[PDB]
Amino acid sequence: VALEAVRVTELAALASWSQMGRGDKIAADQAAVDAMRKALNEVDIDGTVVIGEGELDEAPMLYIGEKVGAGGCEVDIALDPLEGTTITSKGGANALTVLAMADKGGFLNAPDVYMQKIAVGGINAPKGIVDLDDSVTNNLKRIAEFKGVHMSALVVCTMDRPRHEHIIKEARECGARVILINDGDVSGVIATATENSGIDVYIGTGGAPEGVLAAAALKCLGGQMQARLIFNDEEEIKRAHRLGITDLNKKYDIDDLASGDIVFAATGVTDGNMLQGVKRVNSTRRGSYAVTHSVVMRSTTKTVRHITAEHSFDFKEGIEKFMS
């Protein structure tokens, strides 16, 4: 039941794209959530949303604990109908629609709080190539020697945020190159394991669900990632305690975020550093269509599929027919 996930993320990405460049992040997310639930309920799984649009009193669709699917195997479901709602409204880089499946319990069940992350790709990388509590340069050195390149050849990716100034500055003292994304650290983490992405390491603090989703994909591509939750509120801490978290400062390896039999699928909404975005295409051959660029992958078989889909459409009509 892996391949079907890609039509879910495909339809959600087409819905997001009808709202790209509209300046309305509410309407982009709403379009995506609508398309994702409609499509997800025609998938033969008994899915339980463990990461999604929020918890029930905030999100009427795709909330934590909602059961989804038409019936089938029992699966834990980690969604983000639109990763990059603000990116999409702006037309910026790195927006995605994401869907990951695991056996029940396979995903870290953590609140939607911030998370420190470090990640690197490679098939043959020892767990321990990256350590959150080590220095950037000692992390970069271990990585530069595993890859066989001078440290200054490494390209490090992080988000353009003040909280990242010390990472940016420390990696830059010993020669490494550090490129900045405005948003999209699901894409930024997975790029470390994506051919020709041009990114070797991702370092930074972003949302916790977004980190689990990326860890799911890195679990299928090969690579390492360590993560720590960060709490600001005291209801965040009570939220965590309720979920069974006793150690607020626990480090998580990539296996602690996503273990066992993982299916991951994603579709580009905009051009980013991992997937290409949805495009309008004309042709005399088949008329006009929207192209989507997707990836579905599986941790057991290590198989990765790259899917380019042609979806017929007549753009003489309003674009908002790509909403469901």
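Numbering starts at 1 and follows the sequence shown. Think of the rigid core as the biggest set of C-alphas that the two forms share within 1.5 Å after superposition.
Rigid core superposition in 4 other deposited structures of this protein puts the Cα atoms of one stretch, out of 111-119 and 229-237, farther from the shown form on average, and that stretch is 229-237.
Take 241-249 and 145-153, fit the other structures onto the shown form by the rigid core, and average the C-alpha distances in 4 other deposited structures of this protein: the farther stretch is 241-249. A summary of the deposited B-factors shows that, of 209-217 and 140-148, the stretch with the larger mean C-alpha value is 140-148. Between the stretches 224-232 and 170-178, it is 170-178 that shows the larger average CA temperature factor. Across 90, 117, 104, 163, the entry's maximum B-factor at the CA atom is seen for 104. Comparing the C-alpha B-factors of 188, 198, 244, 81 in the entry, the top value falls on 244.
In the deposited entry, the Cα temperature factor of residue 254 places it in the middle third of its chain's modelled residues.
The entry lists a Cα temperature factor for residue 272 that places it in the lowest third of the chain's modelled residues. Among the modelled residues of its chain, residue 25 has a C-alpha B-factor that falls in the middle third according to the deposited record. In this PDB entry, residue 248 carries a Cα temperature factor that places it within the middle third of its chain's modelled residues.
Ranked by Cα temperature factor within the chain, residue 17 sits in the lowest third according to the deposited record.
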